[PDB]
Amino acid sequence: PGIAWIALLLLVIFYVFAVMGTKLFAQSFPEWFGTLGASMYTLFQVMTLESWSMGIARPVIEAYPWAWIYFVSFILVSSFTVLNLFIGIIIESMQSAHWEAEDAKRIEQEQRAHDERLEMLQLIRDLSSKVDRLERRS
Amino acid sequence: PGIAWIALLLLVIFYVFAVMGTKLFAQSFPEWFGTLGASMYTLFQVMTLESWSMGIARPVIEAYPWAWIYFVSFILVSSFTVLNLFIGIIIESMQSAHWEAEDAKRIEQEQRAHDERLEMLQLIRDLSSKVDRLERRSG
Amino acid sequence: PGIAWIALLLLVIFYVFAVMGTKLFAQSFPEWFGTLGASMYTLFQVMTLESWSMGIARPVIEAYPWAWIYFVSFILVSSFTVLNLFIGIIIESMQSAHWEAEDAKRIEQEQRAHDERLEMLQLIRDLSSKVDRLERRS
Amino acid sequence: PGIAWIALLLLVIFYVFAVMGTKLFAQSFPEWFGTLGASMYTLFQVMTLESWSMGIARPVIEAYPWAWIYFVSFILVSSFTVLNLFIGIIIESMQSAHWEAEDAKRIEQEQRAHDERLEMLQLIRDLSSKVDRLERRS
Ligand SMILES: [Br-]
Ligand SMILES: [Br-]
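Residue numbers (PDB author numbering), protein chains in the order written: chain D, 148 to 285; chain A, 148 to 286; chain B, 148 to 285; chain C, 148 to 285.
Now the structure itself:
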């Protein structure tokens, strides 16, 4: 029903990496990826882009050469998601603030003007046969 | 009076978490939370996402193993709430640029054409009256 | 010329403060604030929020327990500003692809509507004034 | 063709600084700029502002005291390039959310309108005939 529809995806991506991660790293890096609960703190810390490479990534990377793939793919993807959620909430915001509020009038101040043109139509009809019942009564 | 109302909710959160923070951690971390004034600067650093977990929160969590809920809830709450400030501003920014200005130039653009039709609407009724009299005066 | 009126202001504050902190701090921390051009860098990394407190301000604050006003002012101030190039480029951007081309496409559909409405106006007059003429001879 | 047009820019801005970095620091900073990949990563770490100054630039600046150029420039180049891809993505967002329909739904309203306002050019000319034959039938 709107944005929380990626907000689910984000939660899903997240939990996918916490498992992907505890499942490689818990072995040599308990403090970070030991428990599942472990893998999430560490991952939301990565999410905050606070000491992601220097603090967490680089120490794991020298242990597991390929471990960038994980950290980076994760940040790329996980941010590309939040980029949306954000934009989504921008749109979702101004769609309220303005657009809906204004469209309601562009329609209804154009209902008002549609009827205005109708009432002249009728008036010009009625007249128009009076004018040719001066041509039948003359 | 608008978004300025919400930056009161964000000054209350800092306070809720600072008293909460001094009253909790001061004893073992006089560094950060040992007074109020410091437990805010620590909260302002934790808000800027500067070292919040390596420098502050992962040390704290060593001594009280539950304090993550303190920091994860603070980053969330104190972030979501300055998403509102970066939004409501972003909007009442657009609002001045455009909406107020053009929105009013359509109120009037219709106003002016409304009167145009309400003037046409006139003559027409004027003409009817004239044909009507012409009608009666030869029956 | 608009946008860079804030960019010129930001350039200012960067300098206002840069002198500020070379004057106050350059003796106790020559590494960070030694020269002026040394604060120009250091305030650039404070601005991007990289180890600003824990590695710079907290260390200076130990020297001058009131320097936090120097740091917490700059953060707030240079933030609020940095925001408005973003909000400034946003606005001027939307402006390009949409806003400008809309007021034109609309003013001009209203000219036509106006003139169509004008023709009708004169047309009724002449018809009002044939019947004016006809009624006086009747 | 849009934003992946800017996506290549950011990719070719990286590529450049990457080779430039390795051909600059690879002698003294093996772990950071020891190879091309090495630098690509390190720059993503700098690009995400994660620990860039106390960790990379400052300790590098130590050996080449001009290096700030490289780091402070790459920051500004790449972060602006992301502000574009961002914006062109906020706008192409708005477009399909709102501006799409609201511009089509108004052309179709000024169709309705013009037609109505023409419908009565008709009546008003017809009536101007009947009344033109009341003036000659006299
Ligand atoms: Br709009
Ligand atoms: Br009309």
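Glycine residues also receive a C-beta, built at the ideal position from the N, C-alpha and C atoms.
Out of D:277, D:165, D:260, D:231, state which residue places its alpha-carbon closest to the alpha-carbon of residue 154 (chain D).
Within the first sequence, the letter at position 7 stands for residue 154 (chain D). That would be D:231, whose Cα lies nearest to the Cα of residue 154 (chain D).
Thinking C-alpha only, which one of B:197, B:204, B:208 is nearest residue 88 (chain C)?
Residue 88 (chain C) lies beyond the residue range present for chain C, which begins at 148 and ends at 285; the question has no answer from this structure.
When the distance is taken between beta carbons, is residue 173 (chain D) closer than 9 Å to residue 184 (chain D)?
The residue labelled residue 184 (chain D) in the question sits at position 37 within the first sequence. The residue labelled residue 173 (chain D) in the question sits at position 26 within the first sequence. Not a contact, by the Cβ cut-off of 9 Å.
If you check the beta carbons only, do residue 244 (chain C) and residue 242 (chain D) fall under 9 Å apart?
Counted from its first residue, the fourth sequence places residue 244 (chain C) at position 97. Counted from its first residue, the first sequence places residue 242 (chain D) at position 95. In contact: residue 244 (chain C) and residue 242 (chain D) (Cβ atoms closer than 9 Å).
Any contact of the segment 211-221 of chain C with the segment 218-225 of chain B, i.e. 3+ C-beta pairs under 8 Å?
no
Residues of chain B with CB under 8 Å from residue 282 (chain C), in chain order?
Taking the first residue of the fourth sequence as position 1, residue 282 (chain C) is located at position 135. Result: 277, 280, 281.
Below 8 Å CB to CB, which residues in the same chain sit around residue 239 (chain B) once its five sequence neighbours on both sides are set aside?
On the third sequence, position 92 is the one that residue 239 (chain B) refers to. Closer than 8 Å at Cβ, skipping near neighbours: 149, 150.
Classify residue 188 (chain A): buried if its beta carbon has 16 or more other beta carbons within 10 angstroms, exposed otherwise.
Position 41 of the second sequence, counting from 1, holds the residue named residue 188 (chain A). Burial call: buried.
Tell whether a beta-carbon distance below 9 Å holds between residue 164 (chain D) and residue 225 (chain D).
Position 17 of the first sequence, counting from 1, holds the residue named residue 164 (chain D). Position 78 of the first sequence, counting from 1, holds the residue named residue 225 (chain D). The answer is yes: Cβ separation under 9 Å.
Does residue 214 (chain D) pass the burial test, meaning 16 or more other C-beta atoms within 10 Å, or should it be called exposed?
Counting from 1 along the first sequence, the entry for residue 214 (chain D) is found at position 67. Counting Cβ neighbours within 10 Å, residue 214 (chain D) comes out buried, since at least 16 surround it.
For chain A, is any of its Cβ atoms less than 9 Å away from the one on residue 271 (chain B)?
Residue numbering aside, residue 271 (chain B) sits at position 124 when the third sequence is read from its first letter. Yes, because at least one Cβ of chain A sits closer than 9 Å to the Cβ of residue 271 (chain B).
If you measure between the beta carbons of residue 266 (chain C) and residue 268 (chain D), is that distance less than 9 Å?
Here residue 266 (chain C) corresponds to residue number 119 of the fourth sequence, with the count starting at 1. Here residue 268 (chain D) corresponds to residue number 121 of the first sequence, with the count starting at 1. Cβ distance < 9 Å, so residue 266 (chain C) and residue 268 (chain D) count as in contact.
Between the segment 202-227 of chain C and chain D, which residues of the former have a C-beta closer than 9 Å to a C-beta of the latter?
202, 203
Between C:202, C:179, C:193, which lies nearest to residue 209 (chain D) when the distance is taken from Cα to Cα?
In the first sequence, residue 209 (chain D) corresponds to position 62, counting from 1. Nearest option by C-alpha distance: C:179.
Measure from the C-beta of residue 162 (chain A) to each C-beta in chain B and report whether the shortest distance is under 9 Å.
Looking up residue 162 (chain A) in the second sequence gives position 15. Chain B contact via Cβ: absent.
Verify the contact flag: residue 248 (chain D), CB atom, against every heavy atom of ligand 3, threshold strictly below 8 Å.
Inclusion of ligand 3 in the displayed structure is not the case, the ligand content consisting of ligand 1 and ligand 2 alone.
Expressed to the nearest angstrom, what Euclidean distance is found between the alpha-carbon atoms of residue 200 (chain B) and residue 192 (chain C)?
Looking up residue 200 (chain B) in the third sequence gives position 53. Looking up residue 192 (chain C) in the fourth sequence gives position 45. For residue 200 (chain B) and residue 192 (chain C), the distance between alpha carbons rounds to 20 Å.
Along chain B, which residues have their Cβ under 7 Å away from the Cβ of residue 242 (chain A)?
Indexing the second sequence from 1 puts residue 242 (chain A) at position 95. By Cβ distance, chain B contributes nothing, its closest Cβ being about 11 Å from residue 242 (chain A), past 7 Å.
In chain D, which residues lie less than 8 Å from residue 237 (chain C) when you measure between Cβ atoms?
Counted from its first residue, the fourth sequence places residue 237 (chain C) at position 90. Going along chain D in sequence order, the residues near residue 237 (chain C) (Cβ under 8 Å) are 234, 237.
Of the residues C:272, C:264, C:186, which one's Cα is nearest the Cα of residue 161 (chain C)?
Numbered from 1 along the fourth sequence, position 14 holds the residue referred to as residue 161 (chain C). Checking every option, the nearest Cα to that of residue 161 (chain C) belongs to C:186.
Give a single yes or no on whether residue 201 (chain B) has its beta carbon closer than 8 Å to a heavy atom of ligand 1.
Translated into positions along the third sequence, residue 201 (chain B) becomes position 54. Not under cutoff, so the answer is no.
Roughly how many angstroms separate the alpha carbons of residue 235 (chain D) and residue 273 (chain B), rounded to a whole number?
What you label residue 235 (chain D) is simply residue 88 of the first sequence in a count that begins at 1. What you label residue 273 (chain B) is simply residue 126 of the third sequence in a count that begins at 1. Rounded to the nearest angstrom, the two C-alpha atoms are 57 Å apart.
My understanding is that residue 281 (chain D) touches residue 271 (chain A), with C-beta atoms under 8 Å, so please give their C-beta distance in whole angstroms.
Locating residue 281 (chain D) in the first sequence gives position 134, counting from the first residue. Locating residue 271 (chain A) in the second sequence gives position 124, counting from the first residue. About 17 Å; that fails the 8 Å criterion.
Please report the distance separating the alpha-carbon of residue 260 (chain A) from that of residue 194 (chain D).
In the second sequence, residue 260 (chain A) corresponds to position 113, counting from 1. In the first sequence, residue 194 (chain D) corresponds to position 47, counting from 1. In a straight line, the C-alpha of residue 260 (chain A) is about 56 Å away from that of residue 194 (chain D).
So, with DSSP's three-state summary, where would you put residue 205 (chain D)?
Residue numbering aside, residue 205 (chain D) sits at position 58 when the first sequence is read from its first letter. If DSSP states are grouped into helix, strand and coil, residue 205 (chain D) belongs with the helices.
Can you list the residues of chain C that residue 250 (chain D) reaches, using a CB-CB cut of under 8 Å?
Position 103 of the first sequence, counted from the first residue, corresponds to residue 250 (chain D). Residues of chain C passing the Cβ test: 249.
Given residue 203 (chain C), which residues of its chain have a CB within under 8 Å of its CB, disregarding the five upstream and five downstream residues?
As a first step, residue 203 (chain C) must be located in the fourth sequence, where it is residue number 56. Around residue 203 (chain C): 179, 189, 192, 193, 218.
When burial is assigned at 16 or more other CB atoms within 10 Å of the CB, is residue 286 (chain A) buried or exposed?
The residue labelled residue 286 (chain A) in the question sits at position 139 within the second sequence. It is exposed - the Cβ of residue 286 (chain A) has fewer than 16 other Cβ atoms within 10 Å.
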